[PDB]
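J.: My structure is in query03.pdb, and what it holds is PDB, C-alpha atoms and all ligand atoms:
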```pdb
ATOM      1  CA  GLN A   1     -13.013 -23.887  45.974  1.00  0.00           C
ATOM      2  CA  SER A   2     -13.144 -27.403  47.400  1.00  0.00           C
ATOM      3  CA  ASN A   3     -13.885 -28.741  43.927  1.00  0.00           C
ATOM      4  CA  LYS A   4     -10.148 -29.287  43.705  1.00  0.00           C
ATOM      5  CA  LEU A   5     -10.366 -32.055  46.279  1.00  0.00           C
ATOM      6  CA  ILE A   6     -13.090 -33.541  44.086  1.00  0.00           C
ATOM      7  CA  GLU A   7     -10.758 -33.050  41.125  1.00  0.00           C
ATOM      8  CA  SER A   8      -7.898 -34.801  42.855  1.00  0.00           C
ATOM      9  CA  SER A   9     -10.070 -37.725  43.862  1.00  0.00           C
ATOM     10  CA  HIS A  10     -10.707 -38.504  40.175  1.00  0.00           C
ATOM     11  CA  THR A  11      -7.045 -39.255  39.812  1.00  0.00           C
ATOM     12  CA  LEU A  12      -6.922 -41.777  42.704  1.00  0.00           C
ATOM     13  CA  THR A  13      -7.004 -45.559  42.203  1.00  0.00           C
ATOM     14  CA  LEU A  14     -10.240 -47.432  42.931  1.00  0.00           C
ATOM     15  CA  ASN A  15      -9.231 -48.542  46.429  1.00  0.00           C
ATOM     16  CA  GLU A  16      -7.923 -45.090  47.318  1.00  0.00           C
ATOM     17  CA  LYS A  17     -11.319 -43.609  46.395  1.00  0.00           C
ATOM     18  CA  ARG A  18     -12.863 -46.274  48.637  1.00  0.00           C
ATOM     19  CA  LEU A  19     -10.593 -45.584  51.579  1.00  0.00           C
ATOM     20  CA  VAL A  20     -11.346 -41.842  51.487  1.00  0.00           C
ATOM     21  CA  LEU A  21     -15.111 -42.252  51.039  1.00  0.00           C
ATOM     22  CA  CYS A  22     -15.231 -44.916  53.745  1.00  0.00           C
ATOM     23  CA  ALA A  23     -13.494 -42.495  56.112  1.00  0.00           C
ATOM     24  CA  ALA A  24     -15.887 -39.710  55.102  1.00  0.00           C
ATOM     25  CA  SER A  25     -18.869 -41.926  55.822  1.00  0.00           C
ATOM     26  CA  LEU A  26     -17.573 -42.407  59.378  1.00  0.00           C
ATOM     27  CA  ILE A  27     -17.998 -38.696  60.051  1.00  0.00           C
ATOM     28  CA  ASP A  28     -21.078 -37.146  61.651  1.00  0.00           C
ATOM     29  CA  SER A  29     -21.864 -33.860  59.881  1.00  0.00           C
ATOM     30  CA  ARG A  30     -23.888 -32.860  62.952  1.00  0.00           C
ATOM     31  CA  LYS A  31     -21.037 -33.180  65.462  1.00  0.00           C
ATOM     32  CA  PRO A  32     -17.440 -31.833  65.357  1.00  0.00           C
ATOM     33  CA  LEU A  33     -14.551 -33.053  63.232  1.00  0.00           C
ATOM     34  CA  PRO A  34     -12.422 -35.944  64.567  1.00  0.00           C
ATOM     35  CA  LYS A  35      -9.532 -34.998  66.872  1.00  0.00           C
ATOM     36  CA  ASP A  36      -6.575 -34.087  64.667  1.00  0.00           C
ATOM     37  CA  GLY A  37      -8.428 -35.828  61.846  1.00  0.00           C
ATOM     38  CA  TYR A  38      -7.854 -39.378  63.016  1.00  0.00           C
ATOM     39  CA  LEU A  39     -10.099 -42.122  61.656  1.00  0.00           C
ATOM     40  CA  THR A  40      -9.707 -45.888  61.946  1.00  0.00           C
ATOM     41  CA  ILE A  41     -10.629 -48.101  59.013  1.00  0.00           C
ATOM     42  CA  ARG A  42     -11.251 -51.820  59.539  1.00  0.00           C
ATOM     43  CA  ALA A  43     -10.571 -54.320  56.802  1.00  0.00           C
ATOM     44  CA  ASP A  44     -13.674 -56.485  57.405  1.00  0.00           C
ATOM     45  CA  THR A  45     -16.134 -53.596  57.151  1.00  0.00           C
ATOM     46  CA  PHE A  46     -14.179 -52.235  54.144  1.00  0.00           C
ATOM     47  CA  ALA A  47     -14.262 -55.681  52.592  1.00  0.00           C
ATOM     48  CA  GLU A  48     -17.999 -55.931  53.251  1.00  0.00           C
ATOM     49  CA  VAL A  49     -19.075 -52.435  52.158  1.00  0.00           C
ATOM     50  CA  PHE A  50     -17.384 -53.050  48.797  1.00  0.00           C
ATOM     51  CA  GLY A  51     -17.385 -56.564  47.355  1.00  0.00           C
ATOM     52  CA  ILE A  52     -13.975 -57.796  48.466  1.00  0.00           C
ATOM     53  CA  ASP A  53     -12.872 -61.083  50.027  1.00  0.00           C
ATOM     54  CA  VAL A  54     -12.036 -60.264  53.681  1.00  0.00           C
ATOM     55  CA  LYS A  55      -9.216 -62.834  53.551  1.00  0.00           C
ATOM     56  CA  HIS A  56      -7.057 -60.337  51.631  1.00  0.00           C
ATOM     57  CA  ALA A  57      -8.813 -57.121  52.621  1.00  0.00           C
ATOM     58  CA  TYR A  58      -6.040 -55.990  54.983  1.00  0.00           C
ATOM     59  CA  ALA A  59      -3.447 -56.233  52.232  1.00  0.00           C
ATOM     60  CA  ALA A  60      -5.760 -54.043  50.160  1.00  0.00           C
ATOM     61  CA  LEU A  61      -5.970 -51.321  52.843  1.00  0.00           C
ATOM     62  CA  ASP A  62      -2.245 -51.510  53.445  1.00  0.00           C
ATOM     63  CA  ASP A  63      -1.489 -50.801  49.812  1.00  0.00           C
ATOM     64  CA  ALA A  64      -4.292 -48.235  49.607  1.00  0.00           C
ATOM     65  CA  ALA A  65      -3.233 -46.263  52.681  1.00  0.00           C
ATOM     66  CA  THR A  66       0.320 -46.273  51.358  1.00  0.00           C
ATOM     67  CA  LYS A  67      -0.696 -44.951  47.920  1.00  0.00           C
ATOM     68  CA  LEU A  68      -2.843 -42.258  49.517  1.00  0.00           C
ATOM     69  CA  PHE A  69      -0.005 -41.279  51.836  1.00  0.00           C
ATOM     70  CA  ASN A  70       2.172 -40.855  48.750  1.00  0.00           C
ATOM     71  CA  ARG A  71      -0.283 -38.561  47.001  1.00  0.00           C
ATOM     72  CA  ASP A  72       0.836 -34.992  46.400  1.00  0.00           C
ATOM     73  CA  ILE A  73      -1.990 -32.601  45.483  1.00  0.00           C
ATOM     74  CA  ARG A  74      -0.475 -29.529  43.829  1.00  0.00           C
ATOM     75  CA  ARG A  75      -1.477 -26.106  42.553  1.00  0.00           C
ATOM     76  CA  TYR A  76       0.336 -24.561  39.575  1.00  0.00           C
ATOM     77  CA  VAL A  77       0.956 -21.114  38.140  1.00  0.00           C
ATOM     78  CA  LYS A  78       2.548 -21.341  34.704  1.00  0.00           C
ATOM     79  CA  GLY A  79       4.824 -24.373  34.805  1.00  0.00           C
ATOM     80  CA  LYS A  80       5.775 -24.062  38.462  1.00  0.00           C
ATOM     81  CA  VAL A  81       4.054 -25.780  41.345  1.00  0.00           C
ATOM     82  CA  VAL A  82       3.078 -23.090  43.818  1.00  0.00           C
ATOM     83  CA  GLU A  83       1.419 -25.166  46.501  1.00  0.00           C
ATOM     84  CA  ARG A  84       1.760 -28.739  47.838  1.00  0.00           C
ATOM     85  CA  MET A  85      -0.579 -30.599  50.209  1.00  0.00           C
ATOM     86  CA  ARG A  86      -1.149 -34.159  51.510  1.00  0.00           C
ATOM     87  CA  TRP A  87      -4.403 -36.003  52.084  1.00  0.00           C
ATOM     88  CA  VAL A  88      -2.893 -37.553  55.200  1.00  0.00           C
ATOM     89  CA  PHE A  89       0.167 -36.836  57.357  1.00  0.00           C
ATOM     90  CA  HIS A  90       0.183 -40.001  59.432  1.00  0.00           C
ATOM     91  CA  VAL A  91      -0.577 -43.693  58.904  1.00  0.00           C
ATOM     92  CA  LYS A  92      -0.559 -46.529  61.446  1.00  0.00           C
ATOM     93  CA  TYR A  93      -0.769 -50.039  60.002  1.00  0.00           C
ATOM     94  CA  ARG A  94      -2.272 -52.505  62.485  1.00  0.00           C
ATOM     95  CA  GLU A  95      -2.364 -55.976  60.953  1.00  0.00           C
ATOM     96  CA  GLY A  96      -2.933 -57.282  64.483  1.00  0.00           C
ATOM     97  CA  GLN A  97      -6.230 -55.416  64.855  1.00  0.00           C
ATOM     98  CA  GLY A  98      -6.950 -55.831  61.140  1.00  0.00           C
ATOM     99  CA  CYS A  99      -7.272 -52.076  60.657  1.00  0.00           C
ATOM    100  CA  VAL A 100      -5.361 -48.977  59.498  1.00  0.00           C
ATOM    101  CA  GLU A 101      -5.225 -45.583  61.204  1.00  0.00           C
ATOM    102  CA  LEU A 102      -5.274 -42.414  59.122  1.00  0.00           C
ATOM    103  CA  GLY A 103      -4.533 -38.879  60.205  1.00  0.00           C
ATOM    104  CA  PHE A 104      -6.150 -36.591  57.634  1.00  0.00           C
ATOM    105  CA  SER A 105      -4.485 -33.209  57.158  1.00  0.00           C
ATOM    106  CA  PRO A 106      -6.088 -30.135  58.864  1.00  0.00           C
ATOM    107  CA  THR A 107      -6.889 -28.712  55.438  1.00  0.00           C
ATOM    108  CA  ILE A 108      -8.514 -31.972  54.440  1.00  0.00           C
ATOM    109  CA  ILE A 109     -10.758 -33.350  57.224  1.00  0.00           C
ATOM    110  CA  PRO A 110     -13.136 -30.338  56.872  1.00  0.00           C
ATOM    111  CA  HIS A 111     -14.133 -31.334  53.339  1.00  0.00           C
ATOM    112  CA  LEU A 112     -14.657 -35.045  53.857  1.00  0.00           C
ATOM    113  CA  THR A 113     -18.418 -34.897  54.429  1.00  0.00           C
ATOM    114  CA  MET A 114     -18.552 -32.585  51.417  1.00  0.00           C
ATOM    115  CA  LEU A 115     -16.865 -35.340  49.364  1.00  0.00           C
ATOM    116  CA  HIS A 116     -19.262 -37.878  50.800  1.00  0.00           C
ATOM    117  CA  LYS A 117     -22.244 -35.725  49.866  1.00  0.00           C
ATOM    118  CA  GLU A 118     -20.803 -35.413  46.371  1.00  0.00           C
ATOM    119  CA  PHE A 119     -20.196 -39.128  45.767  1.00  0.00           C
ATOM    120  CA  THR A 120     -23.710 -39.791  47.022  1.00  0.00           C
ATOM    121  CA  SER A 121     -25.280 -37.379  44.545  1.00  0.00           C
ATOM    122  CA  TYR A 122     -23.943 -39.391  41.656  1.00  0.00           C
ATOM    123  CA  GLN A 123     -25.034 -42.715  43.089  1.00  0.00           C
ATOM    124  CA  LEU A 124     -27.674 -43.391  40.521  1.00  0.00           C
ATOM    125  CA  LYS A 125     -28.499 -47.080  40.871  1.00  0.00           C
TER     126      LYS A 125
ATOM    127  CA  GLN B   1       9.635 -42.598  72.617  1.00  0.00           C
ATOM    128  CA  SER B   2       9.494 -39.215  70.860  1.00  0.00           C
ATOM    129  CA  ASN B   3      13.233 -39.814  70.445  1.00  0.00           C
ATOM    130  CA  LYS B   4      12.501 -40.740  66.849  1.00  0.00           C
ATOM    131  CA  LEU B   5      12.209 -37.103  65.826  1.00  0.00           C
ATOM    132  CA  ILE B   6      15.779 -36.479  66.940  1.00  0.00           C
ATOM    133  CA  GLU B   7      16.841 -39.797  65.437  1.00  0.00           C
ATOM    134  CA  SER B   8      15.111 -38.783  62.213  1.00  0.00           C
ATOM    135  CA  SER B   9      16.337 -35.183  62.347  1.00  0.00           C
ATOM    136  CA  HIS B  10      19.584 -36.842  61.352  1.00  0.00           C
ATOM    137  CA  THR B  11      18.314 -37.696  57.865  1.00  0.00           C
ATOM    138  CA  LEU B  12      17.517 -34.072  57.039  1.00  0.00           C
ATOM    139  CA  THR B  13      20.048 -32.067  55.038  1.00  0.00           C
ATOM    140  CA  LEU B  14      21.705 -29.086  56.744  1.00  0.00           C
ATOM    141  CA  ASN B  15      19.124 -26.584  55.415  1.00  0.00           C
ATOM    142  CA  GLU B  16      16.267 -28.878  56.356  1.00  0.00           C
ATOM    143  CA  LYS B  17      17.749 -29.075  59.819  1.00  0.00           C
ATOM    144  CA  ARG B  18      17.764 -25.276  59.746  1.00  0.00           C
ATOM    145  CA  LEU B  19      14.181 -25.029  58.561  1.00  0.00           C
ATOM    146  CA  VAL B  20      13.081 -27.176  61.494  1.00  0.00           C
ATOM    147  CA  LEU B  21      15.232 -25.060  63.796  1.00  0.00           C
ATOM    148  CA  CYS B  22      14.134 -21.686  62.429  1.00  0.00           C
ATOM    149  CA  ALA B  23      10.502 -22.799  62.688  1.00  0.00           C
ATOM    150  CA  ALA B  24      11.236 -24.028  66.217  1.00  0.00           C
ATOM    151  CA  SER B  25      12.245 -20.540  67.328  1.00  0.00           C
ATOM    152  CA  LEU B  26       8.935 -18.856  66.488  1.00  0.00           C
ATOM    153  CA  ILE B  27       7.316 -20.548  69.484  1.00  0.00           C
ATOM    154  CA  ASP B  28       7.233 -19.790  73.232  1.00  0.00           C
ATOM    155  CA  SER B  29       7.473 -21.713  76.520  1.00  0.00           C
ATOM    156  CA  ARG B  30       5.167 -19.199  78.145  1.00  0.00           C
ATOM    157  CA  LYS B  31       2.823 -19.204  75.132  1.00  0.00           C
ATOM    158  CA  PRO B  32       1.381 -22.606  73.922  1.00  0.00           C
ATOM    159  CA  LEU B  33       1.601 -24.213  70.428  1.00  0.00           C
ATOM    160  CA  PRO B  34       1.847 -21.816  67.354  1.00  0.00           C
ATOM    161  CA  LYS B  35      -1.014 -20.434  65.224  1.00  0.00           C
ATOM    162  CA  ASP B  36      -2.409 -23.875  64.343  1.00  0.00           C
ATOM    163  CA  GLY B  37       0.816 -25.242  62.908  1.00  0.00           C
ATOM    164  CA  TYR B  38       1.680 -22.736  60.211  1.00  0.00           C
ATOM    165  CA  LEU B  39       4.963 -20.838  60.202  1.00  0.00           C
ATOM    166  CA  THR B  40       6.128 -18.468  57.500  1.00  0.00           C
ATOM    167  CA  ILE B  41       9.830 -18.373  56.717  1.00  0.00           C
ATOM    168  CA  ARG B  42      11.411 -15.451  54.887  1.00  0.00           C
ATOM    169  CA  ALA B  43      14.478 -16.052  52.727  1.00  0.00           C
ATOM    170  CA  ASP B  44      15.877 -12.730  53.912  1.00  0.00           C
ATOM    171  CA  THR B  45      15.433 -13.546  57.628  1.00  0.00           C
ATOM    172  CA  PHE B  46      17.075 -16.839  56.669  1.00  0.00           C
ATOM    173  CA  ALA B  47      20.433 -15.475  55.516  1.00  0.00           C
ATOM    174  CA  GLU B  48      20.346 -13.219  58.569  1.00  0.00           C
ATOM    175  CA  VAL B  49      20.158 -16.154  60.990  1.00  0.00           C
ATOM    176  CA  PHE B  50      22.380 -18.510  58.979  1.00  0.00           C
ATOM    177  CA  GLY B  51      24.425 -16.246  56.748  1.00  0.00           C
ATOM    178  CA  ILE B  52      23.741 -17.144  53.112  1.00  0.00           C
ATOM    179  CA  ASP B  53      24.405 -15.466  49.774  1.00  0.00           C
ATOM    180  CA  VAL B  54      21.177 -13.498  50.022  1.00  0.00           C
ATOM    181  CA  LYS B  55      21.221 -13.684  46.218  1.00  0.00           C
ATOM    182  CA  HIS B  56      20.152 -17.344  46.174  1.00  0.00           C
ATOM    183  CA  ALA B  57      18.425 -17.522  49.586  1.00  0.00           C
ATOM    184  CA  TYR B  58      14.899 -18.162  48.346  1.00  0.00           C
ATOM    185  CA  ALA B  59      15.883 -20.995  45.949  1.00  0.00           C
ATOM    186  CA  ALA B  60      17.637 -22.650  48.886  1.00  0.00           C
ATOM    187  CA  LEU B  61      14.599 -22.233  51.121  1.00  0.00           C
ATOM    188  CA  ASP B  62      12.591 -23.776  48.287  1.00  0.00           C
ATOM    189  CA  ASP B  63      14.707 -26.864  47.711  1.00  0.00           C
ATOM    190  CA  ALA B  64      14.754 -27.357  51.489  1.00  0.00           C
ATOM    191  CA  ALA B  65      10.993 -26.991  51.999  1.00  0.00           C
ATOM    192  CA  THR B  66      10.425 -29.431  49.160  1.00  0.00           C
ATOM    193  CA  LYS B  67      12.760 -32.062  50.555  1.00  0.00           C
ATOM    194  CA  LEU B  68      11.367 -31.698  54.056  1.00  0.00           C
ATOM    195  CA  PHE B  69       7.919 -32.210  52.523  1.00  0.00           C
ATOM    196  CA  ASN B  70       9.135 -35.430  50.855  1.00  0.00           C
ATOM    197  CA  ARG B  71      10.620 -36.961  54.005  1.00  0.00           C
ATOM    198  CA  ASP B  72       8.924 -40.095  55.324  1.00  0.00           C
ATOM    199  CA  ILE B  73       9.406 -40.565  59.084  1.00  0.00           C
ATOM    200  CA  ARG B  74       8.651 -44.271  59.445  1.00  0.00           C
ATOM    201  CA  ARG B  75       9.093 -46.954  62.095  1.00  0.00           C
ATOM    202  CA  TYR B  76       9.885 -50.600  61.556  1.00  0.00           C
ATOM    203  CA  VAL B  77       8.921 -53.715  63.441  1.00  0.00           C
ATOM    204  CA  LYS B  78      10.363 -57.056  62.460  1.00  0.00           C
ATOM    205  CA  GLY B  79      11.584 -55.466  59.238  1.00  0.00           C
ATOM    206  CA  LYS B  80       8.193 -54.255  57.959  1.00  0.00           C
ATOM    207  CA  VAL B  81       6.977 -50.661  58.104  1.00  0.00           C
ATOM    208  CA  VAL B  82       4.305 -50.158  60.749  1.00  0.00           C
ATOM    209  CA  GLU B  83       3.969 -46.380  60.813  1.00  0.00           C
ATOM    210  CA  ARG B  84       4.603 -43.448  58.421  1.00  0.00           C
ATOM    211  CA  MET B  85       4.441 -39.711  59.166  1.00  0.00           C
ATOM    212  CA  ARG B  86       5.319 -36.326  57.584  1.00  0.00           C
ATOM    213  CA  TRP B  87       7.199 -33.343  59.002  1.00  0.00           C
ATOM    214  CA  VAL B  88       4.801 -31.112  57.070  1.00  0.00           C
ATOM    215  CA  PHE B  89       1.470 -31.614  55.301  1.00  0.00           C
ATOM    216  CA  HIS B  90       1.315 -28.353  53.368  1.00  0.00           C
ATOM    217  CA  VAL B  91       3.625 -25.925  51.617  1.00  0.00           C
ATOM    218  CA  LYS B  92       2.966 -22.606  49.890  1.00  0.00           C
ATOM    219  CA  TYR B  93       5.615 -21.096  47.630  1.00  0.00           C
ATOM    220  CA  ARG B  94       5.494 -17.295  47.694  1.00  0.00           C
ATOM    221  CA  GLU B  95       8.586 -16.479  45.639  1.00  0.00           C
ATOM    222  CA  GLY B  96       7.103 -13.116  44.694  1.00  0.00           C
ATOM    223  CA  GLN B  97       7.482 -12.144  48.339  1.00  0.00           C
ATOM    224  CA  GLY B  98      10.637 -14.096  49.146  1.00  0.00           C
ATOM    225  CA  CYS B  99       9.154 -16.728  51.446  1.00  0.00           C
ATOM    226  CA  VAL B 100       7.500 -20.079  51.978  1.00  0.00           C
ATOM    227  CA  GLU B 101       4.678 -21.002  54.337  1.00  0.00           C
ATOM    228  CA  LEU B 102       4.888 -24.385  56.061  1.00  0.00           C
ATOM    229  CA  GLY B 103       2.134 -26.432  57.628  1.00  0.00           C
ATOM    230  CA  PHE B 104       3.678 -28.575  60.357  1.00  0.00           C
ATOM    231  CA  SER B 105       1.976 -31.878  61.159  1.00  0.00           C
ATOM    232  CA  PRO B 106      -0.109 -32.061  64.356  1.00  0.00           C
ATOM    233  CA  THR B 107       2.203 -34.815  65.517  1.00  0.00           C
ATOM    234  CA  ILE B 108       5.258 -32.639  65.136  1.00  0.00           C
ATOM    235  CA  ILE B 109       4.443 -29.446  67.082  1.00  0.00           C
ATOM    236  CA  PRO B 110       4.495 -30.966  70.605  1.00  0.00           C
ATOM    237  CA  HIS B 111       8.198 -31.517  70.038  1.00  0.00           C
ATOM    238  CA  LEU B 112       9.472 -28.469  68.141  1.00  0.00           C
ATOM    239  CA  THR B 113      10.658 -27.602  71.634  1.00  0.00           C
ATOM    240  CA  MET B 114      12.240 -30.855  72.818  1.00  0.00           C
ATOM    241  CA  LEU B 115      13.835 -30.734  69.336  1.00  0.00           C
ATOM    242  CA  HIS B 116      15.101 -27.192  69.804  1.00  0.00           C
ATOM    243  CA  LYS B 117      16.593 -28.504  73.017  1.00  0.00           C
ATOM    244  CA  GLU B 118      19.000 -31.097  71.668  1.00  0.00           C
ATOM    245  CA  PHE B 119      19.953 -28.823  68.765  1.00  0.00           C
ATOM    246  CA  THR B 120      21.523 -26.284  71.136  1.00  0.00           C
ATOM    247  CA  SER B 121      22.925 -29.187  73.148  1.00  0.00           C
ATOM    248  CA  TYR B 122      25.558 -29.425  70.401  1.00  0.00           C
ATOM    249  CA  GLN B 123      26.551 -25.737  70.562  1.00  0.00           C
ATOM    250  CA  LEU B 124      29.854 -25.002  72.298  1.00  0.00           C
ATOM    251  CA  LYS B 125      30.924 -21.558  71.074  1.00  0.00           C
TER     252      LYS B 125
HETATM  253 HG    HG C 201     -16.741 -47.524  55.652  1.00  0.00          HG
HETATM  254 HG    HG C 202     -21.971 -43.225  52.837  1.00  0.00          HG
HETATM  255 HG    HG C 203      -8.527 -51.530  64.881  1.00  0.00          HG
HETATM  256 HG    HG C 204      -9.716 -26.580  53.112  1.00  0.00          HG
HETATM  257 HG    HG C 205      14.145 -18.319  62.732  1.00  0.00          HG
HETATM  258 HG    HG C 206      16.129 -21.689  68.671  1.00  0.00          HG
HETATM  259 HG    HG C 207       6.317 -13.107  52.747  1.00  0.00          HG
HETATM  260 HG    HG C 208       4.167 -36.517  69.059  1.00  0.00          HG
END
```
Would you kindly transcribe this structure into structure tokens?
Ligand SMILES: [Hg+2]
Ligand SMILES: [Hg+2]
Ligand SMILES: [Hg+2]
Ligand SMILES: [Hg+2]
Ligand SMILES: [Hg+2]
Ligand SMILES: [Hg+2]
Ligand SMILES: [Hg+2]
Ligand SMILES: [Hg+2]

T.:
Amino acid sequence: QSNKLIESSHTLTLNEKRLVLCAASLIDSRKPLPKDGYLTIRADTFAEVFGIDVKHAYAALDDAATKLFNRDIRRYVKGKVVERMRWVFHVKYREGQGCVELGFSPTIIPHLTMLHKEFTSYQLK
Amino acid sequence: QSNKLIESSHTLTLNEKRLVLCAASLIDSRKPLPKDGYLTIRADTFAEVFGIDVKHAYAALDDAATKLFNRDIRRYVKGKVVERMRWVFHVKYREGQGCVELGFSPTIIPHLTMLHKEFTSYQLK
């Protein structure tokens, strides 16, 4: 069902995985989903949460958001792609505020906490 | 401001322009925004509105939906990209039933009207 999202995440680069999980973590499973799926991700906190030097953190998010934006998750039947979907449909780079804005697709934002719960369950150490 | 959608609607190929127009019809001024953002387009109903060799209508609709999906509406500031966005975030290929389903981005719907405007602003006959 939603395992596909979990499948697709395996194929993402390290920082892309981070970006998505970091966004997930900013969601409150108890309350409603973010308006239109918008979530802001600051470099400093990203750089702290993972072990990165904040001095270059923004560059990292920039590249990461851009790679995510370019992802194309597809479904096939035989050799033909039958369905195409994006993780995000909108990205705002804000080097001034040191953050990036991500608009997660309608069909995506509802599975983010599910992803978060999954990554947590394999967090052994 | 939202004059970038018209300025970007230039980049689309004729069919793409048609897709965005066709999917701009199935909306009302009385009634609010569509059913979420999804609009189904039939290859038959396509040749009817635009006159096409109904024999290859679907394949056209396909190529067009794919290209629209690959467009990158982006803005520049001082030569660097500062914002990226997609016309659509989801596509379903239902060749078996001669049609494609298109998920229009939340940032695109509030303009499928203002867009439909200008498009007829070039009609003379
Ligand atoms: Hg985070
Ligand atoms: Hg977490
Ligand atoms: Hg910010
Ligand atoms: Hg979903
Ligand atoms: Hg139409
Ligand atoms: Hg129209
Ligand atoms: Hg159909
Ligand atoms: Hg808009």

J.: Could you tell me how far CA of residue 114 (chain B) lies from CA of residue 85 (chain A), in Å and to one decimal?

T.: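 Calculated distance between CA of residue 114 (chain B) and CA of residue 85 (chain A) is 26.0 Å.
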
J.: CA of residue 108 (chain A) to CA of residue 26 (chain B): how many Å, to one decimal?

T.: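 Answer for the CA of residue 108 (chain A) to CA of residue 26 (chain B) separation: 24.9 Å.
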
J.: Could you check which of B:51, B:37, B:79, B:98 is closest to chain A, using only C-alpha atoms?

T.: B:37

J.: At what distance in Å, to one decimal, does CA of residue 71 (chain B) lie from CA of residue 10 (chain B)?

T.: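 Rounded to one decimal, the two atoms are 11.6 Å apart.
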
J.: Residues near region 6-8 of chain A, anyone? I mean within 9 Å using all atoms listed in the file, not counting same-chain ones fewer than 5 positions away, as an NGL selection string.

T.: :A and (73 or 115 or 118)

J.: Mind running chain B against chain A at 9 Å and telling me each contacting residue's nearest atom pair with the distance in Å (one decimal), counting only C-alpha atoms, chain and number ascending, as a tab-separated table?

T.:
```
residue	atom	partner	partner_atom	distance
B:66	CA	A:84	CA	8.8
B:69	CA	A:84	CA	8.5
B:81	CA	A:93	CA	8.0
B:82	CA	A:93	CA	5.1
B:83	CA	A:92	CA	4.6
B:84	CA	A:91	CA	5.2
B:85	CA	A:90	CA	4.3
B:86	CA	A:89	CA	5.2
B:87	CA	A:89	CA	8.0
B:88	CA	A:89	CA	7.4
B:89	CA	A:86	CA	5.3
B:90	CA	A:85	CA	4.3
B:91	CA	A:84	CA	5.1
B:92	CA	A:83	CA	4.5
B:93	CA	A:82	CA	5.0
B:94	CA	A:82	CA	7.4
B:95	CA	A:82	CA	8.8
B:103	CA	A:85	CA	8.9
B:105	CA	A:89	CA	6.5
B:106	CA	A:36	CA	6.8
B:107	CA	A:90	CA	8.2
```

J.: Step by step, measure atom-to-atom distances between ligand HG 202 (chain C) and each residue using all atoms listed in the file, keep those at most 8 Å, then write them as a list in words.

T.: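 Checking all atoms listed in the file against ligand HG 202 (chain C) at 8 Å gives residues 21, 22, 24, 25, 26, 116 and 120 of chain A.
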
J.: For residue 47 (chain B), which residue among B:33, B:12, B:20, B:60 is the nearest when counting all atoms listed in the file?

T.: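 Checking each of B:33, B:12, B:20, B:60 against residue 47 (chain B), counting all atoms listed in the file, the winner is B:60.
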
J.: May I ask which of the residues A:43, A:34, A:125, A:4 is the closest one to ligand HG 203 (chain C), counting all atoms listed in the file?

T.: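 Smallest separation from ligand HG 203 (chain C) among the options: A:43.
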
J.: Excluding residue 19 (chain B) and any residue of its chain fewer than 3 positions from it, enumerate the residues within 9 Å of it, using all atoms listed in the file, and give them as a PyMOL selection string.

T.: chain B and resi 14-16+22-24+41+46+61+64-65+68

J.: Enclose all atoms of region 69-85 of chain A listed in the file in an axis-aligned box, grow every side by 4 Å, and hand back centre and edge lengths in Å to one decimal, as lines of an AutoDock Vina configuration file.

T.:
```
center_x = 1.9
center_y = -31.2
center_z = 43.3
size_x = 15.8
size_y = 28.2
size_z = 25.1
```

J.: Please provide as a ChimeraX atom specification all residues within 10 Å of residue 45 (chain A), with the sequence filter that same-chain residues fewer than 4 positions apart are discarded (counting all atoms listed in the file).

T.: /A:22,41,49-50,52,54,57,99

J.: Create the file for the chosen residues now, containing C-alpha atoms and written as a PDB file, in the coordinates of the input.

T.:
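And here's result-v7.pdb as it stands now:
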```pdb
ATOM      1  CA  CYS A  22     -15.231 -44.916  53.745  1.00  0.00           C
ATOM      2  CA  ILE A  41     -10.629 -48.101  59.013  1.00  0.00           C
ATOM      3  CA  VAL A  49     -19.075 -52.435  52.158  1.00  0.00           C
ATOM      4  CA  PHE A  50     -17.384 -53.050  48.797  1.00  0.00           C
ATOM      5  CA  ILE A  52     -13.975 -57.796  48.466  1.00  0.00           C
ATOM      6  CA  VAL A  54     -12.036 -60.264  53.681  1.00  0.00           C
ATOM      7  CA  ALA A  57      -8.813 -57.121  52.621  1.00  0.00           C
ATOM      8  CA  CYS A  99      -7.272 -52.076  60.657  1.00  0.00           C
TER       9      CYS A  99
END
```
